[PDB]
Amino acid sequence: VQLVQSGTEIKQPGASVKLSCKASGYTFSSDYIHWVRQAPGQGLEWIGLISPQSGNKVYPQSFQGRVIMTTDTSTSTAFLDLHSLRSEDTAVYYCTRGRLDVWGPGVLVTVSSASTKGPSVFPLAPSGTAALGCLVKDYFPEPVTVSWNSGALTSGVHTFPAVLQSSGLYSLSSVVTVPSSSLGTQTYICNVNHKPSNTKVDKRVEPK
Amino acid sequence: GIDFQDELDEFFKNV
Amino acid sequence: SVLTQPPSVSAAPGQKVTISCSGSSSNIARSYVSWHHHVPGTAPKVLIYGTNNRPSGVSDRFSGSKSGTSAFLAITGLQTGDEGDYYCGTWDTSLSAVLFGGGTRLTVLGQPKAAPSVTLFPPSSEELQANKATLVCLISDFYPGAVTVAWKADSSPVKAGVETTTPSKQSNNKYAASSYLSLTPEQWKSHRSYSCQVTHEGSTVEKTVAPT
């Protein structure tokens, strides 16, 4: 009964982007597919709807001129093409069924002048519990995933959400609280993965 | 079309 | 032409809350109403569609109704899981468009306050070898979820070089933030100390690092 969506998109201002929505299974004809977005910290905003059966569409005055919704021969497979992108259009875009009863999982569209850059990872060395981490510096775009000791260390682990810098690049920190004695008995390594740049880094964190 | 708007008005109607 | 909602509601655990949604004769009065629950970090959850239908799996303490140009979501048996923002949506025939309200933030009262934990890391040896210096201030386990961060170089405030995270909700329902101070290695080494001050509920924790 569900909706699957295309994946994340990074665009320059002025650019356009084409997002795709597909029903997971089969449907009896169709009612409608809506698109709705949500910018970070803001509310829900309707972008329009389309009948996958007939291709008829409607858009609100706020988006008329900048958007094209299309469908193919399928009864459930809609597309949203958003033009003249600006910083303000950074948001998660959702598709929904006709009664807004079922929603797709979202796709992030980030509008930014920055180019893909992999992180520089630095140890945050600990000096009866000690804090030790790694600083994942100056990477674009999101996300980064961080694990510790290849997934064996989970408790005490706290990866913070990234700061966006005025340069446009992200930075995050991950830190782990361990017993002080284990500082001498156990190696700690953070595993940083930045898929957008096809980069992985294992960074050993040694005591001070 | 206006006809499509009329369709949608009917689909979403709840008195 | 717009849907309005009260900015927030709150009750203690186990009570009932009702969230209001106001429109006009061209939308709420005549069109199905839907309700959605969104916790920043997660996709919105549909709670009500067709003004009073619950999706399969949605708890039965949620209910929808409508009276004239106003629509209402009632939540009984309030739990901490119910916290977050609630949006009503409906079709406007004069506009031919779906309208959404501005959302209502629900808070469950009674949760214990918690002063923040602050950890301040100095620049790493490796970062300094590479001619950069970042001070990292990590702030965790505070409630309510709002802090202010200030930086000092010796005793004076540091106007330039700071970037600070907005608070974010943890698994335990407390809040976390980060602040970063960017320096040259020369700037780091010249001063006697640097400090991160976190203010929460009018009280302050300061942690201090030094080049030596």
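Side chains are part of it too, since the values below use all heavy atoms of this structure and drop only hydrogens, waters and symmetry mates. Protein chains get the first letters and strands the later ones, always in sequence-line order, with residue 1 at the start of each.
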Answer yes or no: is there a donor N or O on one side and an acceptor on the other, between the side chain of [X] and the main chain of [Y], under 3.5 Å?
{"X": "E163(C)", "Y": "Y180(C)", "answer": "no"}
{"X": "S124(C)", "Y": "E127(C)", "answer": "yes"}
{"X": "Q5(C)", "Y": "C88(C)", "answer": "yes"}

Would you say that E201(C) contacts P144(C) through its side chain, given a criterion of any heavy-atom pair below 4.5 Å between the two side chains?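 SC-SC contact between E201(C) and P144(C) confirmed.
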Does the side chain of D82(C) come within less than 4.5 Å of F62(C)'s, by heavy atoms?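 Yes; the side chains approach each other to less than 4.5 Å.
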Take atom NZ in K66(C); do more than 12 heavy atoms of anything else shown fall under 6.0 Å from it? yes
Please classify the contact of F11(B) with chain C as side chain, backbone, both or neither, using a heavy-atom distance under 4.5 Å.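 Backbone of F11(B) only, per the 4.5 Å heavy-atom cut-off to chain C.
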Residue-level interface, residues 9-44 of chain C with chain B, non-hydrogen cut-off under 4.5 Å: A29(C), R30(C), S31(C), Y32(C)
